[PDB]
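A, B, C, D, E and F label the chains in the order they appear, each numbered from 1.
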Amino acid sequence: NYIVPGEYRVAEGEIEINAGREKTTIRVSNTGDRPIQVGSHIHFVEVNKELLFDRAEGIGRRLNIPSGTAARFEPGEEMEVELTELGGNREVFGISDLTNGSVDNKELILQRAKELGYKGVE
Amino acid sequence: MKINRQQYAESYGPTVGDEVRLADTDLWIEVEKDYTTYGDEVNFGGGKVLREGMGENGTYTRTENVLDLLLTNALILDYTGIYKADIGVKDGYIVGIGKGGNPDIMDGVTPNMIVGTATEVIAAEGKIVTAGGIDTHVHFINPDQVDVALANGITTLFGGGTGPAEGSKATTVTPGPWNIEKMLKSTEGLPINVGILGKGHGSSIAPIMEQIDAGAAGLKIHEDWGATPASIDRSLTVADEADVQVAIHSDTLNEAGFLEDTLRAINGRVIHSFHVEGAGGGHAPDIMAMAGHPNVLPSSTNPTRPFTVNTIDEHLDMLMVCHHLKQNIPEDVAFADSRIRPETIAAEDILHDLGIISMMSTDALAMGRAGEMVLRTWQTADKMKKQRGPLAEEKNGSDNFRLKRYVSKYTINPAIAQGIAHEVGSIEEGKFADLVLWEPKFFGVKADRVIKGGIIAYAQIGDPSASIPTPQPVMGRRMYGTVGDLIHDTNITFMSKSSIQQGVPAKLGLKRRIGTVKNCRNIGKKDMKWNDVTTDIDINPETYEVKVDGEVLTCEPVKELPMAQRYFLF
Amino acid sequence: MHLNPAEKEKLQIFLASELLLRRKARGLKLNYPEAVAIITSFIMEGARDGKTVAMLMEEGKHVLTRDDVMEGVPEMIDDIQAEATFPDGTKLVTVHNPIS
Amino acid sequence: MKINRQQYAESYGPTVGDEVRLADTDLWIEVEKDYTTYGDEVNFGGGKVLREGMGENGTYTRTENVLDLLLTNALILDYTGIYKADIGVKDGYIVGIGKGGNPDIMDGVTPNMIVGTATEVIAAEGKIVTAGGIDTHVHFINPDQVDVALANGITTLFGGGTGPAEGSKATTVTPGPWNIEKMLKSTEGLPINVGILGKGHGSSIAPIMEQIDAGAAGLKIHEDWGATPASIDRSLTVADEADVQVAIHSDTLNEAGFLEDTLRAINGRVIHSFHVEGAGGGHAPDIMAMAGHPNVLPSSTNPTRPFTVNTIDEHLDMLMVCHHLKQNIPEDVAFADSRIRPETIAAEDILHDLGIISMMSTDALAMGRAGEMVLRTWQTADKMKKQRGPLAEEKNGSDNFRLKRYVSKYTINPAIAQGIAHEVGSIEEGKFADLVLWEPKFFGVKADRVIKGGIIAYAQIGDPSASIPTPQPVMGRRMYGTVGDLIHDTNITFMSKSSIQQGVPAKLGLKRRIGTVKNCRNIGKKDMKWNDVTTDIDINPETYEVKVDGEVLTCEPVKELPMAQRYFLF
Amino acid sequence: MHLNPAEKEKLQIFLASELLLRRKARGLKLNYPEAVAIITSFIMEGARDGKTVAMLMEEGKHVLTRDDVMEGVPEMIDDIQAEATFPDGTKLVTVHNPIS
Amino acid sequence: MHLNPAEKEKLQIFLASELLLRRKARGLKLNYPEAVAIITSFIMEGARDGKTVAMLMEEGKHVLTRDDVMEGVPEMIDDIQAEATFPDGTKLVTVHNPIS
């Protein structure tokens, strides 16, 4: 019965994030000489050009990590990350200007990505 | 992927089933529901969710469902529930309670809670959020009292006075059209909502009514101006015509009548009974019997709250001091002894717990403490849990029922009684965005940030010369909401319908938001949220013992309270 | 710290009391504000110690005697009032005729 | 008759060739010229020159070339020079720099600098006078920060915020039309010039643009809102249309791009790069390379200024605290180590000295100190003189070249970058009379008097109950310029042309002087006074070493600074 | 003196610290504001002495122990932050978990 | 107490003086604000004791010597002025070149 003012007594169990959404594992490598850290909610296909991965597998997706956290890639680092599906209307605007509409337009996203030199198209 | 609950609660605040201790009390609130989608929690910062293209929508202009302000991950404690939600604010009002973000990429986003370019963010993860407190027994005696109130989470002051004049020092009254006009102009520089009560005294209608037309928001009957059958009757006639509330401090001396005579004068009409226990004033010794009737909206003031070992010694002497009573005059001693009663003060604790007294208030600077309404409400709830145990209605070992009963006493119930609950008094959509953020360790004691009409007005914050805002000294400070003309948009002057219709704000050059007092005459005890109990209260004239349903209401005074010496420097 | 308005204000009473105590220690008869400050701080510090209101009502009348203060000061002080946080919350202490 | 120079300088302040030490630094400024006529110096007092018939003209009305205010015998330190002159003010503006008095009897009187009946006098003999500082990186978090700024000679605050909301605590942003309107109204009660930056984030034009139309004076791109190629691009498109400045805190995480990607988004357009060294934020580790480009207006914030023995320990920990980083999370540790670099902080000292970083700013209450922009500018100049020696360009053993280079960093260069240099930022005729008087012993540390629009707004002055104003306690105090409606005439709210054209001031009831933001899009590094150097800055990705013209820029941190413990009570 | 706003404010920390030290000396377990005040003043006074930031980060964790303070106070104080003028200018010190 | 504006303000001088005296006692050379605070408080306390203006003009020049203060502080202080309540009412004392 020691009193910590304002303390939590959390219930039992765990919280599953992004429940019921398709998950996808891909390998991603930082081909640059500076660190890249990627947040939980950036459309994954629109990340830094020098990250090499199968760009098509980033479309309509983001990292499957707790809201507000980030995956870090040191210079030269290659590792696997798990992605989850974007929700809501599954539309993306701005960021790197690769989508600007439905994430279903894969060919259009990939063509813009290729022209601008975002690594790993094909 | 799963996160354990300790880590989830640290990151985003608690979620369904988790409990949180209120300050250093033994009271626990439990999250009843959560409007989030796990994984799509809103948060702000480097690499976080509320960024353009992501949790922030970059498409929509402000008018297209975008918020001015999102409070993320708030633990709401309100009469409507104890639950987890984002809170959305626009045009100074709460427009959405649910889940904010960007429907481009997020599931479950409340349609009018889009975080866009126009949106400011306040992180409320790990905070408890309540409505601003509504203090309906304020004496306007010293303007320094406002910050005192804000610092304990009060956002609306209803009452009266003109400063430290004897009339105001005794009674919540701003007498007559001129004094009312003056104080309405003064109010232009007070960073808190205000409503002003006129003198509820007279034997003709016109002298009372002209105060309502001048801009008063209600009336106070006080024995110091003559709480006679006539003054009671004319005030209630005026109030029924004007749609404003009447508060009463009744005739302690029983000079023109006993309680039953005052009730006869009221004649079934609605009235707000101040300091119903009676230490603050009223028919000795049985005023608290008011609290059993369906037409009475009963409030306590805060110095009797709760019953402690120093209470009686303090009050007997306080009364000798403020009434200039002499120890050598036996009628003075008898008067004090008939007014300060352990029997009724102990019973008052219990009546609060039973939902028979519906409201708290301060009695600021007359016989009560401007910054301790919220504080003493929770100290009372805590004492009652210790002495009476969890209420029958409680569920998962939580104190949620008691917490809703008690939070209602200083938020929604005073708003309803005063006819201002369409604007203030709870965290509901369509109401004014008066919100108080609390760290749970400081809950009820020291407010973290006070939001008034969607802008922070007051905050506990540190060194203004520092690299960041957290270095010492951390103290309560007025924020940008109180500065310049912004004080006009973030605060409400509540006024009578007739004064509004007769153009008083324009006449006086008032720039503050004007709120309409209404729906005061058609309510009763049944409308007091979680505190709607009517019953026959018997107070024994010889022993002062209080009985409800055949049983004596008594409890012991406590030697120690939470929310006291662990927190306060003096 | 999270100082509220009253805490900031009451620090200045403690400060005035320390000033006054320094003045008493070098042999000065105390004046009106000094006397008030000393007795007030004593009360607030007594509340902090956990003394009762009744205890402080008694003790407050023996903190200073008329030989500690200037001519007329005892008669200028009808009473001294202070609020502080006792173990059971904020209470008002009044010390009547503290210097007799 | 002749006077020796020691006695001349004591009487009238220094004249041509005399040197003055800046506070307790080793920096000396030399009087370059003097507009006086020896023997006809203006001065005020009993038996002195500025008396009717004598140095004061008794003939002319105020409109006939007569001044409202004459500062006599000022030692001006400005980008335009270091020299001795009287300064004449009328209608709140500097109208004459030269020689004031009465042409009836005095030689060399500047035609529009007549001391007449309408003229107030401020004695500036023995004082250094500068333009008010222009801080373009201000977070509006706590209104107490204003006096903090005034007390170190700052007179204009550009930035954003709504108080201690998380968005404002992280970023200089007042988001959307409503928050901007609110803060414009708040600004009515702030005794300092203000300009407000909207959120430079969105993927459509309208949500960004509507902030400019609402009254924003510029935009801030911050990584916390998503410093993406799209947000950068839309902000600069809006800025080119609206003629306002954009400030950028770039993507530290390199999430959507590296520095080169951000530069591609900017696409040759003009931008103000905040905390260009990068401790305050930006592409790790090479953001400071921004400072080499012709389209970038680069500023430092003040906590890295200058490089000292405590700097790194302080910053690494500051960063862990404000970012809620954990020592047990290795990516948090890596992130901190990639952001706080002795290699770039040491180089930043040198880049300032070389005129490659053009501006200083505070980052007030987010990661910087509201009252230390001026202070730390001179501490840096002093450290550089110690470590690098007198600059090649120096002449009579004086530090005049360095002094002009450095004074430009917090006066004229921020004004130019922000599009407000037609009103503020230097002591020149036709500009607003924002002037700071300093005793040389307190120069850069504690301002003596701050003049805003021709009236003293803030002063170090003593006991208000005293026979004279010099008895203790001498502290910074708000003066009559801040009181009542005078606060409206002595301060400027800077706003966009479009907001002015659409009548926003009248809509909001703003009574302050309204200044027009303009000529922001047509400038570059070449327009930064004394700090106009472009060059290829290489930052080594492995070692973080900074190279310019083939050579590593490094220096040592110092254990001790001037303008520190000799002056400050804490 | 030429006191600026921060200097005026920080005087009140020193004052609260002296109050708290007097309270500790007569045998009281210190509360939350008192504990904060003591540790804060120690840091600022340490900066005045010319100690380094790293030194004060260490020292600040041993100024008060849990037996000096009331139940729950150690857990209420996650860290204490203060800025003061070191020989090399103003710096921020954060003491993490000062009372363990 | 009935504190007027000046009384509230001058309490802060006494406070700064106590801070400074604590700093001198642990062996620090005093800086500019500290030196001013010490000498000012001495003057006001001297007035409270009933010393004459002429006495305090003399005494004020020997409160601190150049070895008590940092390099340049003696030359920064041309004089120190304070008003306080003497037995014959409020008077101004100026101490010229207090640290020689």
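Following the convention adopted for this analysis, contacts are C-beta pairs under 8 Å (C-beta built on N, C-alpha and C of every residue); 3 or more make two chains touch, one makes a residue touch a chain.
Protein identities per chain, from UniProt: A = Urease subunit beta; B, D = Urease subunit alpha; C, E, F = Urease subunit gamma.
**Student:** Starting at subunit B (Urease subunit alpha), how many touch steps does it take at minimum to reach subunit E (Urease subunit gamma)?
**Tutor:** Between subunit B (Urease subunit alpha) and subunit E (Urease subunit gamma), the shortest chain-hopping route counts 1.
**Student:** Where the centre means the average of the CA atoms, what chain is farthest from subunit F (Urease subunit gamma)?
**Tutor:** A
**Student:** Please pick, from D-F, D-E or B-C, the pair whose interface repeats that of B-E, with more than half of the contact pairs identical by residue number.
**Tutor:** Looking at which residue pairs coincide with B-E, the repeat is D-F.
**Student:** With respect to inter-chain C-beta contacts, which pair, D-E or A-D, contains the greater number?
**Tutor:** Greater number of contacting C-beta pairs: D-E.
**Student:** So what's the Cα centroid distance for subunit A (Urease subunit beta) and subunit F (Urease subunit gamma), whole Å?
**Tutor:** 65
**Student:** When the C-alpha atoms of subunit B (Urease subunit alpha) and subunit D (Urease subunit alpha) are each averaged to a single point, how far apart are the two points in Å?
**Tutor:** Spacing between the chain centres: roughly 45 Å.
**Student:** Suppose each chain is reduced to the average of its Cα coordinates; what separation in Å results between subunit B (Urease subunit alpha) and subunit C (Urease subunit gamma)?
**Tutor:** Once rounded, the distance between the two centres reads 33 Å.
**Student:** Approximately how many whole Å separate the CA-defined centres of subunit E (Urease subunit gamma) and subunit F (Urease subunit gamma)?
**Tutor:** So the centre of subunit E (Urease subunit gamma) lies 27 Å away from the centre of subunit F (Urease subunit gamma).
**Student:** Multi-chain contacts only, two chains or more: what residues does subunit F (Urease subunit gamma) have there?
**Tutor:** 12-13, 15-16, 18-19, 32-33, 36-37, 40
**Student:** In subunit A (Urease subunit beta), which residues are in touch with two or more of the other chains?
**Tutor:** If we look for residues of subunit A (Urease subunit beta) contacting two or more partner chains, we find 3-5, 7, 37-39, 42, 46, 70, 93-95.
**Student:** For subunit B (Urease subunit alpha), which residues are shared contacts with two or more other chains?
**Tutor:** Expected reply: 24, 45, 47-48, 51-54, 58-59, 441-442, 464-468, 470, 472-473, 565-569.
**Student:** What are all the touching pairs of chains?
**Tutor:** Per the contact definition above, the touching pairs are A-B, A-D, A-E, B-C, B-D, B-E, C-E, C-F, D-E, D-F, E-F.
**Student:** Would you mind writing out the residues of subunit C (Urease subunit gamma) in touch with subunit F (Urease subunit gamma) in their complex?
**Tutor:** 12-13, 15-16, 18-19, 23, 26, 28, 32-33, 36-37, 40
**Student:** Which residues of subunit B (Urease subunit alpha) touch subunit A (Urease subunit beta) in their complex?
**Tutor:** 1-6, 8-9, 11-12, 14-24, 26, 28, 37-43, 45, 47-49, 51-55, 57-59, 102-107, 109, 439-443, 566
**Student:** Write out the stretch or stretches of subunit A (Urease subunit beta) touching subunit B (Urease subunit alpha) in their complex.
**Tutor:** Per the stated touch rule, the residues are 3-19, 37-43, 46, 62, 64-70, 82, 84, 86-95.
**Student:** Of all residues in subunit B (Urease subunit alpha), which touch subunit C (Urease subunit gamma) in the complex?
**Tutor:** 144, 147-148, 151-152, 308-311, 313-314, 317-318, 321, 369, 371-372, 375-376, 379, 442, 446, 460, 472-476, 557-561, 563-565, 567-570
**Student:** Would you pull the subunit E (Urease subunit gamma) residues touching subunit F (Urease subunit gamma) in the complex into a rising list?
**Tutor:** Its residues touching subunit F (Urease subunit gamma) are 1-3, 7-8, 11, 14-15, 18, 45, 48-49.
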